[PDB]
Amino acid sequence: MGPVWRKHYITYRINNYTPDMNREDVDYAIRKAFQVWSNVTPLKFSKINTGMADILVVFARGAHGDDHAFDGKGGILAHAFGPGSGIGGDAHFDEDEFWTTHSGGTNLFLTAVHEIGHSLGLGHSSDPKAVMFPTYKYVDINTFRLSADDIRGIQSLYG
Ligand SMILES: [Ca+2]
Ligand SMILES: [Ca+2]
Ligand SMILES: [Ca+2]
Ligand SMILES: [Zn+2]
Ligand SMILES: [Zn+2]
């Protein structure tokens with residue numbers, strides 16, 4: 152566990168929006184995903200619309216400028232870079248997935264919670280109950296909650 156952000160106020164910017172979803176729903180999903188982590192750390196997240204943010208949120212398909220191409224529908228859903236300058240922190244979502252607010256397709260909020268974990272410096276957990284487990288699993292709004300392992304992991308980096 153190398154890089155962590157050495158400041159409490161972190162910015163994000165949505166570079167572009169998936170056509171799979173309502174704009175407001177993309178905004179809300181991402182916002183709620185950041186809140187999951189601010190809930191258990193001293194971190195504060197603010198959305199900006201211009202300039203350089205710490206965490207750029209991108210929807211893209213195939214080769215998209217960073218040596219780690221996406222693979223079409225299925226397989227890899229998203230990836231994110233650990234804390235650092237430039238691409239550090241950034242979270243990319245595979246546009247070849249079909250992003251949703253619900254159980255259909257791939258759930259943006261759940262995926263974003265996982266990716267933002269990486270953006271903050273977390274790796275993968277071996278606990279199949281943890282949001283940082285390496286394989287996506289759909290959990291509804293009644294069931295999602297950060298596992299104790301996720302909480303232990305993030306507080307070992309920030310609190
Ligand atoms: Ca960045
Ligand atoms: Ca994919
Ligand atoms: Ca799509
Ligand atoms: Zn990428
Ligand atoms: Zn991951």
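Residue numbers (the working numbering): 152 to 310. Note that the Cβ used here is the ideal one computed from N, Cα and C, for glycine as well.
Nearest-angstrom beta carbon gap, residue j and residue i [assumed within contact, 8 Å]
| i | j | result |
| --- | --- | --- |
| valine 264 | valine 208 | That belief does not hold up - the Cβ atoms of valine 264 and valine 208 are roughly 13 Å apart, past 8 Å. |
| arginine 164 | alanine 204 | 4 Å |
| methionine 172 | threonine 251 | 7 Å |
Beta-carbon spacing of residue i, residue j below 8 Å
| i | j | result |
| --- | --- | --- |
| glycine 268 | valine 290 | no |
| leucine 273 | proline 234 | no |
| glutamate 248 | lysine 224 | yes |
| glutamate 246 | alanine 220 | no |
Nearest neighbour of residue i, chosen from the options [CA to CA]
| i | options | result |
| --- | --- | --- |
| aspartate 218 | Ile206, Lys224 and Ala231 | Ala231 |
| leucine 261 | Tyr309, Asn293, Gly235 and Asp247 | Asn293 |
| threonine 162 | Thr257, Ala242 and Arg303 | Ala242 |
| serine 254 | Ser189, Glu246, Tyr287 and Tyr160 | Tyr287 |
| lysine 195 | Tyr160, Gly216 and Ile206 | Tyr160 |
| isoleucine 238 | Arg303, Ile206, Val177 and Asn258 | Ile206 |
| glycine 226 | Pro193, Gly216, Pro285 and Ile302 | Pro285 |
| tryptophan 156 | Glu175, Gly240 and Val191 | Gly240 |
| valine 177 | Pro154, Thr192, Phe295 and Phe244 | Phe244 |
| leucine 259 | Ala229, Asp278 and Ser276 | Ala229 |
Residue i at chain B interface by Cβ criterion, 8 Å
| i | result |
| --- | --- |
| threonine 251 | No chain B appears in this structure, which consists of one protein chain only. |
Do three or more CB pairs link the region 190–199 to the region 166–175 at distances below 8 Å? no
Using 8 Å as the cut-off, can you tell me whether the region 170–185 makes contact with the region 295–310, which would need three or more C-beta pairs spanning the two stretches below that distance? no
Whole beta strand (DSSP E) runs in the region 215–297 with 3 or more residues, listed along the chain? 229–231 and 242–245
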